[PDB]
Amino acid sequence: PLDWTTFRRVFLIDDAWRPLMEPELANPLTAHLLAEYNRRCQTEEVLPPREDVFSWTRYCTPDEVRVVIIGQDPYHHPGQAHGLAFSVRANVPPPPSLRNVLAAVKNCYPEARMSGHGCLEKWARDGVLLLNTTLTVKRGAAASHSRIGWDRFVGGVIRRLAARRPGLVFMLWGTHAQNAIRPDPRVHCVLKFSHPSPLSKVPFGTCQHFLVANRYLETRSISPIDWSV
C-alpha cells in the first residue's frame, strides 16, 4: 500500500536514504503511525512543521554519517525545533541543555571559534547524525507523540544504518538514549555520558566525547570532525 515515491515527496525525504527507510513501509505499524500523525495534525498544533520532520535525511547521505547523537522528542514551542536533535533555529538563544553541549565542545577545544548560536546544520553536513527517536510533538506537551510508533520506525533506520558497515561513533547521553539504543561495542565506538541537562548528577561541561570520537576516527584513517559551531 504505502509507496516510497509518495512518502518521500510528502515528507521532502532525500532519496539517498531509500535503502534504510523504504523497508519500514512494509511494517504494518507504519500505516497506523502515519494515520495517527495525520489525525493529530488536524486536531492540534504539531511540531516541527511537516517539511522539517525529516530534515535529518537532507544534510548528509547514509555513507557520509560518522557520528550518531541520539535525542528524545522535538522542542515543544513554535520556532525552536527544525528536525535535528538538540539543534534550534538560528534566531533562537540556545536552551539550557544545548548551552551545556556547547560549553563541553569549547572545554574540549579551547581554540574552537564558537558563534554563540545553537543551529547545528554545520555538524549535520559533516556526518554528525542528530537523531531524535520521536519525530513530532504536540505544542506545550513533552513526550505527547512518544507512543504513536516513531521510535520503532527510527529504531529500524538506526539498525540498518549500523548494519551497513562497522565503525560508527555513537554518543548516548542520559538513561533514555542508553536503554533504547544498544550498539555492539566491538563493532562501533560506543560513548556514554550523563545528559547535558543542568539537572544531571555530573556537569556536562566535563564530557570529552568530542575528543574521544576524533581520536577514534583517526585510528580508522578518517579525518576529524571540526566541532566549532
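In this text, the rigid core denotes the largest set of C-alpha atoms whose superposition between the two forms falls within 1.5 Å. Counting begins at 1, following the sequence as shown.
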property	result
Positional deviation of Cα atoms in 5 other deposited structures of this protein after core superposition, greater for 63-71 or 163-171	163-171
89-97 set against 120-128, stretch whose average Cα temperature factor tops the other in the entry	89-97
Residue range whose averaged C-alpha B-factor is higher in the record, 11-19 or 209-217	209-217
Residue, from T30, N179, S55, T61, that the PDB entry assigns the highest Cα B-factor	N179
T133, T136, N107, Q80, ranked by C-alpha B-factor: the highest one	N107
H145 - which third its CA temperature factor falls in, relative to the rest of the chain	lowest
Cα B factor band for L84 (lowest, middle or highest third within the chain)	lowest
Cα B factor band for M114 (lowest, middle or highest third within the chain)	highest
CA B-factor placement of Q42, once the chain's modelled residues are sorted into thirds	highest
Ranked C-alpha temperature factor of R66 among modelled chain residues, by third	middle
